[PDB]
Amino acid sequence: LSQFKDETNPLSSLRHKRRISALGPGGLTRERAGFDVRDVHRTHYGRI
Amino acid sequence: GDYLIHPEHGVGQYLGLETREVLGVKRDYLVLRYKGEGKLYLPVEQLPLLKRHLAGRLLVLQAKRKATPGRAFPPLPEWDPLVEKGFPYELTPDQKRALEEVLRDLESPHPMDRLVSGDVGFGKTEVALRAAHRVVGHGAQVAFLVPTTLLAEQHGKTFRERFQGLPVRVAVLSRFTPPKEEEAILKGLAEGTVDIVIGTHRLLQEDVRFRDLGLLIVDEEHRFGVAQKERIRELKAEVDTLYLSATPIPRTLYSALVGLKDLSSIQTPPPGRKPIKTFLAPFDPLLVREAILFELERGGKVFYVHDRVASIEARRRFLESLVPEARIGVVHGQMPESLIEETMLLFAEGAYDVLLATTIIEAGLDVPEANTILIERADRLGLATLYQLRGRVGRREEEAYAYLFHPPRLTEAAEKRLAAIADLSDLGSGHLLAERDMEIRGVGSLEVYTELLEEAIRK
Amino acid sequence: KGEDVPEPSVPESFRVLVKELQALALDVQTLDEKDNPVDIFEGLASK
Amino acid sequence: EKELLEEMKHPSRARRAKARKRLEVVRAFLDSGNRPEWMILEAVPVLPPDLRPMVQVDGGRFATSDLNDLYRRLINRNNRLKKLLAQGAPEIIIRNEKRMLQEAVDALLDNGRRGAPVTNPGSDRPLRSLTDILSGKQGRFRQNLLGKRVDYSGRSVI
Amino acid sequence: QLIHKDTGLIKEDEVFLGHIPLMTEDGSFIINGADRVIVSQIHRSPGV
Amino acid sequence: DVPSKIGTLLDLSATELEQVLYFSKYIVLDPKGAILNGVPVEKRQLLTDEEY
DNA sequence: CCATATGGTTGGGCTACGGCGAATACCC
DNA sequence: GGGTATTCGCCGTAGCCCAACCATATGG
């Protein structure tokens with residue numbers, strides 16, 4: 001999560017700030033990654 | 001609002017009283033700020049614990065001392081014979097070759113800059129004795145430094161023995177010299193009624209004067225001190241100096257001794273000064289049982305060393321739990337020295353059996369029957385002490401056994417260091433080359449050397 | 001020099017395989033079909 | 001091998017299979033003509049130094065081939081055992097040192113199969129074994145024979 | 001606060017406890033001169 | 001490697017070769033007409049070193 | 001007045017899943 | 001004992017601590 005700050009444009013910096021993720025130490029792995037960590041639930045509506 | 005003479009934490013400031021919270025108890029405390037705001041509020045019940053109130057100077061100087069030769073001591077073919085007839089004993093032809101070699105350097109007007117690893121044998125002051133009788137052959141004085149007062153005592157003893165019917169005035173000045181006699185000797189070498197001065201740090205500290213500072217005998221200078229080397233340099237206003245520093249500086253100047261200092265060591269240890277059976281190992285108490293069984297089979301004496309802060313005594317009690325047979329003491333120092341000599345005569349009387357010593361300084365005698373030695377913390381040590389222990393164990397023709405105990409194998413530089421300790425049999429220049437390897441590992445400029453040497457000539 | 005390339009003979013990669021195999025102290029019977037052990041160095045570093 | 005065949009005649013199919021496996025081994029050694037006494041090692045080889053290149057970088061540091069320092073450890077082991085046998089030492093130290101020399105061979109061949117990987121002290125990534133030079137992706141097969149870089153090449157966009 | 005349980009030795013002592021990087025005014029992080037960024041992590045909430 | 005060749009032919013395990021190679025158990029190479037404490041000695045049999 | 005205890009100075013040295021497998025008990 | 005899945009396992013996936021030495025403090 002200690003990511004390189006990107007400044008290709010102000011929008012790049014802003015979107016990089018507003019980016020959220022589901023991985024990390026304590027996140028998940030790509031190995032057992034199914035589709036539940038990939039599809040969009042109906043509760044994402046207006047939420048993500 | 002008051003200052004304090006506080007005993008156990010330095011400067012104190014009484015700043016009133018503090019009724020503070022023990023968890024349920026309002027004990028009273030004192031507002032005390034100390035050195036760097038030591039904000040202690042001690043319980044007031046402890047009232048009696050409180051009362052109300054760089055080197056480039058010497059570099060260019062010794063560079064000029066290189067650039068200025070000085071006086072020669074011509075060979076004086078009666079003075080060195082006068083002492084030389086008095087030695088009723090053989091000298092090593094290696095050491096004799098080095099003797100007349102450095103005597104020839106005395107005949108040079110240049111500053112005599114010699115090191116010799118003449119350690120143990122047929123009188124190792126003997127080269128210094130005949131060089132000194134050349135030096136006082138022109139009446140010049142012989143400074144003689146030392147690591148310790150006991151070696152100073154022993155060497156001034158041998159000088160007296162050499163100069164019973166020879167008027168070469170030797171005199172000891174250190175901690176144990178009586179004070180009236182201390183300034184008597186100070187005045188006498190200041191008057192030239194003393195020719196040889198003897199002693200440790202006090203000689204560098206006591207204000208000395210030289211009628212003719214011809215000789216300056218330094219010896220095993222690594223433990224004497226590198227700042228003590230600089231104090232020697234302060235006492236070295238362009239004079240001619242002797243160095244029996246067989247155990248040298250750890251290459252902060254020893255590689256610089258290559259090139260300018262004359263590396264004139266002797267080799268070929270006596271075949272009969274045979275090695276001790278070295279056993280580098282981990283620790284196991286049964287091997288200890290076997291070794292002390294061998295030593296009681298020969299009835300000999302045992303060396304085991306302890307250098308850790310941990311209780312020498314409860315360690316000894318553990319040993320006696322293992323080994324109730326022998327009689328072990330504790331020669332941790334910070335003791336009255338009556339206990340020290342009483343332990344010495346107890347291992348002379350020998351009912352005491354295992355010398356639990358704790359320093360090679362505390363192992364500063366080679367008891368003959370001590371034909372084993374047990375070391376567990378040699379990783380946390382230095383090599384001069386190591387083969388001084390090796391040179392302090394075992395009388396000749398008694399095949400002693402060295403046991404070295406290191407379960408941790410996790411200190412790779414010190415690991416190969418102990419490897420290059422235990423490979424060496426005896427004094428066949430492994431003194432020299434082992435020190436070479438060690439200080440290669442220890443520290444690890446000719447450009448600025450000869451550069452500023454030139455401008456020193458310009459001075 | 002302006003010519004075609006020469007043609008490489010026994011592979012030097014395969015040579016270093018033989019070398020490490022003998023470093024594991026094993027025999028390799030590298031041969032022709034008629035059992036000649038063709039020392040690929042032809043006596044460069046073999047006694 | 002006759003009594004292994006007798007076990008093959010014995011109805012115990014499990015011991016039939018075990019004796020069958022050992023029979024495969026001994027039959028392979030028989031037709032191979034190898035001497036099974038050669039599985040005990042005495043004549044340790046020497047790697048040529050181009051194959052173990054300790055070449056130096058600019059800043060003093062090297063291409064530190066881990067087997068070279070392993071070789072140094074083995075030399076110290078061998079000479080320690082040599083001088084220990086050269087003095088008539090007590091046997092426990094002799095046994096311990098022989099055991100340690102065996103560990104030295106074991107870690108040199110492949111570190112960390114028996115016990116932990118002894119790394120360089122002051123480090124925790126291991127000492128890359130000769131098997132590691134052989135086995136693995138960076139090992140000889142996959143690395144040095146299947147994928148490489150190339151000279152006389154180019155790259156641009158289309 | 002050194003507060004000895006049996007003595008009541010009361011020694012208040014401030015200690016320096018590290019140099020904590022400060023999120024900048026826009027919200028970034030200059031680290032070793034270089035600029036970092038942190039993408040916020042989602043994961044499943046605790047509970048039953 | 002599984003199986004071990006010594007454990008294949010001389011019929012033992014990695015613990016047993018651990019004991020004999022790294023000096024924890026004796027294995028008998030000549031029975032010498034001895035006895036393994038009542039049961040006799042037989043070649044290829046492990047034995048502790050003090051009991052040896 | 002001396003001694004023994006204090007302390008000061010360097011010196012020198014070091015520290016959670018998947019495939020196969022392997023006991024794992026189990027049917028006649 | 002010969003044979004059966006089985007069931008879960010394993011493998012794979014940067015700190016003092018004393019050693020001399022010195023002066024500093026003190027009761028018979």
# chains A, B, ... in the order shown; residues from 1 in each chain; ligands from 1
>>> residues_around(residues="stretch 2-8 of chain E", least_positions_apart="2", cutoff="12 Å", atoms="only C-alpha atoms (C1' of nucleotides)", output="mmCIF file with N, CA, C and O atoms, in the first residue's frame")
data_model
loop_
_atom_site.group_PDB
_atom_site.id
_atom_site.type_symbol
_atom_site.label_atom_id
_atom_site.label_comp_id
_atom_site.auth_asym_id
_atom_site.auth_seq_id
_atom_site.Cartn_x
_atom_site.Cartn_y
_atom_site.Cartn_z
ATOM 1 N N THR B 19 2.164 16.490 46.842
ATOM 2 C CA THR B 19 1.278 15.447 47.348
ATOM 3 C C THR B 19 0.699 14.720 46.143
ATOM 4 O O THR B 19 -0.208 15.224 45.478
ATOM 5 N N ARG B 20 1.237 13.544 45.839
ATOM 6 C CA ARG B 20 0.889 12.843 44.614
ATOM 7 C C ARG B 20 0.234 11.500 44.895
ATOM 8 O O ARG B 20 0.244 10.989 46.016
ATOM 9 N N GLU B 21 -0.302 10.920 43.829
ATOM 10 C CA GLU B 21 -1.183 9.771 43.942
ATOM 11 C C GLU B 21 -0.415 8.469 43.779
ATOM 12 O O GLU B 21 -0.041 8.095 42.664
ATOM 13 N N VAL B 22 -0.198 7.763 44.887
ATOM 14 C CA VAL B 22 -0.041 6.318 44.804
ATOM 15 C C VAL B 22 -1.479 5.878 44.615
ATOM 16 O O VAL B 22 -2.390 6.561 45.093
ATOM 17 N N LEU B 23 -1.705 4.727 43.984
ATOM 18 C CA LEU B 23 -3.036 4.373 43.484
ATOM 19 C C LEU B 23 -3.956 4.083 44.668
ATOM 20 O O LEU B 23 -4.189 2.941 45.067
ATOM 21 N N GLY B 24 -4.473 5.172 45.241
ATOM 22 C CA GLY B 24 -5.222 5.155 46.478
ATOM 23 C C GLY B 24 -4.556 5.866 47.637
ATOM 24 O O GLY B 24 -5.193 6.025 48.684
ATOM 25 N N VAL B 25 -3.307 6.302 47.497
ATOM 26 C CA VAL B 25 -2.549 6.860 48.613
ATOM 27 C C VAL B 25 -1.921 8.178 48.181
ATOM 28 O O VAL B 25 -1.258 8.256 47.143
ATOM 29 N N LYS B 26 -2.136 9.222 48.979
ATOM 30 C CA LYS B 26 -1.537 10.524 48.713
ATOM 31 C C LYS B 26 -0.291 10.686 49.574
ATOM 32 O O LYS B 26 -0.278 11.387 50.585
ATOM 33 N N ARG B 27 0.776 10.022 49.150
ATOM 34 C CA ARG B 27 2.069 10.254 49.761
ATOM 35 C C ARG B 27 2.598 11.620 49.337
ATOM 36 O O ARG B 27 2.170 12.200 48.337
ATOM 37 N N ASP B 28 3.514 12.153 50.131
ATOM 38 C CA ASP B 28 4.117 13.427 49.799
ATOM 39 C C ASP B 28 5.466 13.220 49.136
ATOM 40 O O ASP B 28 6.191 12.263 49.419
ATOM 41 N N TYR B 29 5.772 14.117 48.210
ATOM 42 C CA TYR B 29 6.944 13.999 47.362
ATOM 43 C C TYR B 29 7.531 15.384 47.241
ATOM 44 O O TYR B 29 6.898 16.359 47.644
ATOM 45 N N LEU B 30 8.732 15.472 46.706
ATOM 46 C CA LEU B 30 9.370 16.766 46.598
ATOM 47 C C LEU B 30 9.552 17.118 45.134
ATOM 48 O O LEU B 30 9.948 16.275 44.326
ATOM 49 N N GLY B 38 15.934 16.164 35.438
ATOM 50 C CA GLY B 38 15.648 14.895 36.057
ATOM 51 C C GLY B 38 14.523 15.155 37.025
ATOM 52 O O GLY B 38 14.733 15.576 38.164
ATOM 53 N N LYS B 39 13.310 14.882 36.563
ATOM 54 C CA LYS B 39 12.091 15.276 37.258
ATOM 55 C C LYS B 39 11.630 14.191 38.218
ATOM 56 O O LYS B 39 10.559 13.610 38.072
ATOM 57 N N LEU B 40 12.471 13.888 39.199
ATOM 58 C CA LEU B 40 12.144 12.879 40.191
ATOM 59 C C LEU B 40 11.383 13.528 41.331
ATOM 60 O O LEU B 40 11.725 14.623 41.774
ATOM 61 N N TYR B 41 10.336 12.866 41.777
ATOM 62 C CA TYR B 41 9.604 13.266 42.961
ATOM 63 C C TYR B 41 9.691 12.070 43.893
ATOM 64 O O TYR B 41 8.835 11.188 43.892
ATOM 65 N N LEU B 42 10.784 12.028 44.638
ATOM 66 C CA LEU B 42 11.033 10.946 45.567
ATOM 67 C C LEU B 42 10.064 11.051 46.736
ATOM 68 O O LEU B 42 9.596 12.149 47.047
ATOM 69 N N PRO B 43 9.697 9.930 47.352
ATOM 70 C CA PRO B 43 9.028 9.986 48.657
ATOM 71 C C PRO B 43 9.837 10.755 49.682
ATOM 72 O O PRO B 43 11.055 10.576 49.795
ATOM 73 N N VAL B 44 9.150 11.617 50.435
ATOM 74 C CA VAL B 44 9.814 12.520 51.372
ATOM 75 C C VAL B 44 10.401 11.761 52.549
ATOM 76 O O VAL B 44 11.253 12.286 53.276
ATOM 77 N N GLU B 45 9.983 10.508 52.738
ATOM 78 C CA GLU B 45 10.500 9.644 53.789
ATOM 79 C C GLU B 45 11.974 9.318 53.604
ATOM 80 O O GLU B 45 12.628 8.885 54.556
ATOM 81 N N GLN B 46 12.518 9.533 52.408
ATOM 82 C CA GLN B 46 13.942 9.366 52.160
ATOM 83 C C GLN B 46 14.705 10.670 52.289
ATOM 84 O O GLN B 46 15.634 10.922 51.510
ATOM 85 N N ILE E 10 8.661 8.644 41.791
ATOM 86 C CA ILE E 10 7.897 9.360 40.775
ATOM 87 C C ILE E 10 8.879 10.130 39.915
ATOM 88 O O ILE E 10 9.382 11.180 40.326
ATOM 89 N N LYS E 11 9.123 9.643 38.708
ATOM 90 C CA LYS E 11 9.975 10.333 37.749
ATOM 91 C C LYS E 11 9.184 10.517 36.460
ATOM 92 O O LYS E 11 8.991 9.564 35.699
ATOM 93 N N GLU E 12 8.710 11.736 36.225
ATOM 94 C CA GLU E 12 8.132 12.065 34.931
ATOM 95 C C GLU E 12 9.249 12.267 33.916
ATOM 96 O O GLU E 12 10.251 12.928 34.198
ATOM 97 N N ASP E 13 9.082 11.681 32.731
ATOM 98 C CA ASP E 13 10.131 11.726 31.720
ATOM 99 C C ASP E 13 9.501 11.749 30.335
ATOM 100 O O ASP E 13 8.952 10.741 29.892
ATOM 101 N N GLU E 14 9.596 12.879 29.642
ATOM 102 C CA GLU E 14 9.293 12.875 28.220
ATOM 103 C C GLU E 14 10.412 12.176 27.462
ATOM 104 O O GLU E 14 11.591 12.295 27.801
ATOM 105 N N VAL E 15 10.034 11.429 26.433
ATOM 106 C CA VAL E 15 10.998 10.751 25.581
ATOM 107 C C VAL E 15 10.714 11.104 24.128
ATOM 108 O O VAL E 15 9.554 11.254 23.727
#
>>> residues_around(residues="residue C:22", least_positions_apart="4", cutoff="10 Å", atoms="only C-alpha atoms (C1' of nucleotides)", output="ChimeraX atom specification")
/C:16-18,26-28 /D:45-47
>>> write_last_selection(atoms="C-alpha atoms", output="tab-separated table (two decimals), in the first residue's frame")
chain	number	residue	atom	x	y	z
C	16	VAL	CA	29.79	-27.15	-18.82
C	17	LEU	CA	27.12	-29.77	-18.13
C	18	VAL	CA	29.82	-32.43	-18.37
C	26	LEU	CA	29.63	-38.93	-11.81
C	27	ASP	CA	30.47	-40.73	-15.00
C	28	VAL	CA	28.97	-39.52	-18.26
D	45	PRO	CA	36.30	-32.87	-6.97
D	46	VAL	CA	37.46	-29.32	-7.63
D	47	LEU	CA	35.39	-26.87	-9.60
>>> select_by_dssp(residues="stretch 16-148 of chain D", states="alpha helix (DSSP H)", output="number ranges by chain")
D: 16-32, 66-85, 91-109, 130-134, 140-146
>>> write_last_selection(atoms="C-alpha atoms", output="CSV table (one decimal), in the first residue's frame")
chain,number,residue,atom,x,y,z
D,16,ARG,CA,6.6,-58.7,-2.6
D,17,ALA,CA,6.5,-55.0,-3.7
D,18,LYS,CA,9.2,-53.9,-1.3
D,19,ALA,CA,11.6,-56.8,-2.2
D,20,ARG,CA,10.6,-56.0,-5.8
D,21,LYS,CA,11.8,-52.4,-5.4
D,22,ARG,CA,15.0,-53.5,-3.8
D,23,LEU,CA,15.4,-56.1,-6.6
D,24,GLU,CA,15.0,-53.3,-9.2
D,25,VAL,CA,17.8,-51.4,-7.5
D,26,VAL,CA,20.1,-54.3,-7.3
D,27,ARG,CA,19.3,-55.4,-10.8
D,28,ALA,CA,20.0,-51.9,-12.0
D,29,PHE,CA,23.3,-52.0,-10.2
D,30,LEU,CA,24.0,-55.4,-11.7
D,31,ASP,CA,23.3,-54.6,-15.4
D,32,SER,CA,24.9,-51.2,-14.9
D,66,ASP,CA,28.5,-19.2,-2.5
D,67,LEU,CA,30.1,-22.6,-3.2
D,68,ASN,CA,33.5,-20.9,-3.0
D,69,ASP,CA,33.0,-19.9,0.6
D,70,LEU,CA,31.5,-23.3,1.2
D,71,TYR,CA,34.7,-24.7,-0.2
D,72,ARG,CA,36.7,-22.6,2.3
D,73,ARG,CA,34.5,-24.0,5.1
D,74,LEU,CA,35.3,-27.5,3.8
D,75,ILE,CA,39.0,-26.8,3.6
D,76,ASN,CA,39.0,-25.6,7.2
D,77,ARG,CA,37.0,-28.7,8.2
D,78,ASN,CA,39.4,-31.0,6.4
D,79,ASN,CA,42.5,-29.4,7.9
D,80,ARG,CA,40.9,-29.2,11.3
D,81,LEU,CA,40.3,-32.9,11.1
D,82,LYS,CA,43.8,-33.5,9.8
D,83,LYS,CA,45.4,-31.7,12.6
D,84,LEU,CA,43.1,-33.3,15.1
D,85,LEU,CA,44.1,-36.7,13.8
D,91,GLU,CA,37.8,-39.2,20.7
D,92,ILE,CA,34.8,-37.0,21.4
D,93,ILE,CA,36.2,-34.0,19.7
D,94,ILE,CA,37.3,-36.3,16.8
D,95,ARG,CA,33.8,-37.7,16.5
D,96,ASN,CA,32.2,-34.2,16.8
D,97,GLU,CA,34.5,-32.8,14.1
D,98,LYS,CA,33.9,-35.8,11.8
D,99,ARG,CA,30.2,-35.2,12.3
D,100,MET,CA,30.7,-31.5,11.5
D,101,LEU,CA,32.7,-32.3,8.4
D,102,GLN,CA,29.8,-34.5,7.3
D,103,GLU,CA,27.5,-31.6,7.9
D,104,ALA,CA,29.8,-29.5,5.8
D,105,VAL,CA,29.5,-31.9,2.9
D,106,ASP,CA,25.7,-32.1,3.4
D,107,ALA,CA,25.3,-28.4,3.3
D,108,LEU,CA,27.7,-28.0,0.3
D,109,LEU,CA,25.8,-30.6,-1.8
D,130,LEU,CA,25.3,-26.7,-6.6
D,131,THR,CA,21.9,-28.4,-6.8
D,132,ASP,CA,20.4,-24.9,-6.9
D,133,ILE,CA,22.8,-24.1,-9.7
D,134,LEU,CA,21.4,-27.2,-11.4
D,140,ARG,CA,21.0,-24.7,-15.3
D,141,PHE,CA,18.2,-26.5,-17.3
D,142,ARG,CA,15.5,-23.9,-17.4
D,143,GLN,CA,17.6,-20.8,-17.2
D,144,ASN,CA,20.7,-21.4,-19.2
D,145,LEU,CA,19.2,-23.7,-21.8
D,146,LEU,CA,15.6,-22.5,-22.5
>>> closest_atom_pairs(of="chain A", to="chain G", cutoff="12 Å", atoms="only C-alpha atoms (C1' of nucleotides)", output="tab-separated table")
residue	atom	partner	partner_atom	distance
A:28	CA	G:16	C1'	11.2
A:29	CA	G:16	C1'	10.8
A:31	CA	G:17	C1'	9.1
A:32	CA	G:17	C1'	7.7
A:33	CA	G:17	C1'	11.4
>>> residues_around(residues="stretch 411-419 of chain B", least_positions_apart="3", cutoff="10 Å", atoms="only C-alpha atoms (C1' of nucleotides)", output="list in words")
residues 280, 378, 379, 380, 381, 382, 383, 386, 404, 406, 408, 422, 423, 424, 434, 437, 438, 441 and 442 of chain B; 73, 76, 80, 120, 121 and 122 of chain D; 14 of chain G
>>> write_last_selection(atoms="C-alpha atoms (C1' of nucleotides)", output="mmCIF file, in the first residue's frame")
data_model
loop_
_atom_site.group_PDB
_atom_site.id
_atom_site.type_symbol
_atom_site.label_atom_id
_atom_site.label_comp_id
_atom_site.auth_asym_id
_atom_site.auth_seq_id
_atom_site.Cartn_x
_atom_site.Cartn_y
_atom_site.Cartn_z
ATOM 1 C CA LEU B 280 38.871 -25.757 20.048
ATOM 2 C CA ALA B 378 37.506 -16.524 23.671
ATOM 3 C CA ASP B 379 35.197 -15.092 21.012
ATOM 4 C CA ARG B 380 34.830 -12.015 23.212
ATOM 5 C CA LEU B 381 38.591 -11.496 23.511
ATOM 6 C CA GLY B 382 41.799 -10.465 21.752
ATOM 7 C CA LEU B 383 44.685 -12.491 20.410
ATOM 8 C CA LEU B 386 45.129 -15.666 23.815
ATOM 9 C CA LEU B 404 38.498 -24.019 24.074
ATOM 10 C CA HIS B 406 32.497 -22.321 21.885
ATOM 11 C CA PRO B 408 27.914 -20.560 19.341
ATOM 12 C CA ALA B 422 44.287 -22.619 17.104
ATOM 13 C CA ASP B 423 46.108 -23.497 13.881
ATOM 14 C CA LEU B 424 49.349 -22.055 15.225
ATOM 15 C CA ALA B 434 48.756 -13.948 13.066
ATOM 16 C CA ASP B 437 45.984 -11.276 9.598
ATOM 17 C CA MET B 438 44.209 -10.024 12.725
ATOM 18 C CA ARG B 441 40.711 -7.814 9.616
ATOM 19 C CA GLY B 442 40.824 -5.101 12.276
ATOM 20 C CA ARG D 73 34.534 -24.033 5.072
ATOM 21 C CA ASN D 76 38.954 -25.604 7.227
ATOM 22 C CA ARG D 80 40.949 -29.212 11.306
ATOM 23 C CA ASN D 120 26.165 -16.515 5.282
ATOM 24 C CA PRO D 121 26.275 -15.172 8.849
ATOM 25 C CA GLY D 122 24.805 -11.724 8.814
ATOM 26 C "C1'" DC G 14 33.122 -8.004 22.020
#
>>> interface_residues(of="chain C", to="chain D", cutoff="8 Å", atoms="only C-alpha atoms", output="JSON, numbers by chain")
{"C": [13, 16, 20, 22, 23, 24, 25]}
>>> atom_distance(atom1="atom CA of residue F:20", atom2="atom CA of residue F:48")
9.7 Å
>>> closest_residue(among="B:203, B:227, B:170, B:194", to="chain G", atoms="only C-alpha atoms (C1' of nucleotides)")
B:227
>>> atom_distance(atom1="atom CA of residue B:48", atom2="atom CA of residue B:8")
11.3 Å
>>> residues_around(residues="residue F:50", least_positions_apart="6", cutoff="12 Å", atoms="only C-alpha atoms (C1' of nucleotides)", output="list in words")
residues 23, 24, 25 and 26 of chain F
>>> write_last_selection(atoms="C-alpha atoms", output="PDB file, in the first residue's frame")
ATOM      1  CA  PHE F  23      27.629 -40.922  15.496  1.00  0.00           C
ATOM      2  CA  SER F  24      24.638 -41.700  17.685  1.00  0.00           C
ATOM      3  CA  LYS F  25      24.309 -45.479  17.389  1.00  0.00           C
ATOM      4  CA  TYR F  26      26.701 -48.296  16.687  1.00  0.00           C
TER       5      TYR F  26
END
>>> residues_around(residues="residue B:205", least_positions_apart="5", cutoff="12 Å", atoms="only C-alpha atoms (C1' of nucleotides)", output="ChimeraX atom specification")
/B:173-175,186,199-200,228,231-232,234-235 /G:9 /H:21-23
>>> interface_residues(of="chain D", to="chain H", cutoff="10 Å", atoms="only C-alpha atoms (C1' of nucleotides)", output="PyMOL selection string")
chain D and resi 11-14
>>> residues_around(residues="residue E:43", least_positions_apart="3", cutoff="9 Å", atoms="only C-alpha atoms (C1' of nucleotides)", output="list in words")
residues 21, 22, 23, 26, 27 and 28 of chain A
>>> select_by_dssp(residues="chain F", states="strand (DSSP E)", output="list in words")
residues 25, 26, 27, 35, 36, 39, 40, 46, 47 and 48 of chain F
>>> residues_around(residues="stretch 16-18 of chain A", least_positions_apart="4", cutoff="10 Å", atoms="only C-alpha atoms (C1' of nucleotides)", output="list in words")
residues 3, 4, 5, 6, 7, 10, 11 and 12 of chain A; 27, 28, 37, 38, 39 and 40 of chain E
